[PDB]
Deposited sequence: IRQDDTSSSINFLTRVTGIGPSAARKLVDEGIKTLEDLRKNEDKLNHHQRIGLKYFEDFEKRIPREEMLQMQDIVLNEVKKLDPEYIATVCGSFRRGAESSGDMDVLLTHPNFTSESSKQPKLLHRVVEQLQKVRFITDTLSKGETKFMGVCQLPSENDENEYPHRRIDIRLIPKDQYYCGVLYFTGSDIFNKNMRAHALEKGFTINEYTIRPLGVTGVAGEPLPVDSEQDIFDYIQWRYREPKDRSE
């Protein structure tokens, strides 16, 4: 009922899961104003969320995405040029608006062999708060920063979720493809390759075989590379709606 109305609302707040949101109901926490008077009940995640309830619903215009992506990209150049940073999502695919900045990052330095270089992402984030670009954190791994950026005002913009993800360079491509999407594109891509005698995921591109159980990743220098394995004309990210 109109109470369920609640679990439905709360869940609107980031960090608030269903079971998570469920408890806030038992304690008698319902509206956001209920939230507000109870940060003490919230971990840091749910807290940033309520912070930016508003902003967190507006969408991201592309003019803005661009600006944001220039800043991210430039800084990363400064630290170490060997560093690669692709912005993914709808955005990469010409989308006119979007819901957040999704970044994929890698360094020749780190590969699926390494598996331990949080400083590599971290260095990346700091430069960013150093810049006043990132402005809050949501959570933060040794490989996946989750947070909240903000375009520089001249005088202001909304707060905006951003995610950085460290992926091995041997698995970056597959990874870039994946996060590019779109959903069905991925469905279709994987779909054909399976015909051409290959299996794919965000990590790799591997041959199939007898009984089907098989593998052993193939080399991937580019996104183009993957497409050649499957023998398709490389599809620009635009023509990827499916």
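Stretches of the deposited sequence absent from the structure, as judged by C-alpha coordinates, are 1-3, 159-161.
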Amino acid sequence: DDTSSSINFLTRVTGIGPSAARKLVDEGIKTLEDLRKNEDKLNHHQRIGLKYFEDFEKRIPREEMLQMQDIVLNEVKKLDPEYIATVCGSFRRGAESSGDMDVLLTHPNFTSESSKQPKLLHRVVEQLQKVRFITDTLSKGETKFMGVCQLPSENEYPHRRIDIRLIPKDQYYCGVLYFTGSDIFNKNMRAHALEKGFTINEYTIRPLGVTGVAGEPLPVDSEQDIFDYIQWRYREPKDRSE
From here on, numbers count along this sequence of modelled residues.
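The term rigid core refers to the maximal set of C-alpha atoms that superpose within 1.5 Å between the two forms.
Larger average C-alpha displacement in 8 other deposited structures of this protein, relative to the shown form after a rigid core fit, is seen for 209-217 when comparing 209-217 with 42-50. In this entry, the higher average B-factor at the C-alpha atoms falls on 211-219, of the pair 196-204 and 211-219. The stretch with the higher mean CA B factor, choosing between 113-121 and 79-87, is 113-121. Between the residues 58, 51, 44, 41, it is 51 that shows the highest Cα B-factor in the PDB record. Within the group 177, 32, 66, 189, the record's highest C-alpha temperature factor is found at 32. Sorting the modelled residues of the chain by their CA temperature factor places residue 230 in the middle third. In the PDB entry, a CA B factor belonging to the highest third of its chain's modelled residues is recorded for residue 152. For residue 163, the recorded CA temperature factor ranks within the lowest third of the chain's modelled residues. Annotation for residue 136: CA B-factor lies in the lowest third of the chain's modelled residues. Among all modelled residues in this chain, the alpha-carbon of residue 100 has a temperature factor (C-alpha) in the lowest third.
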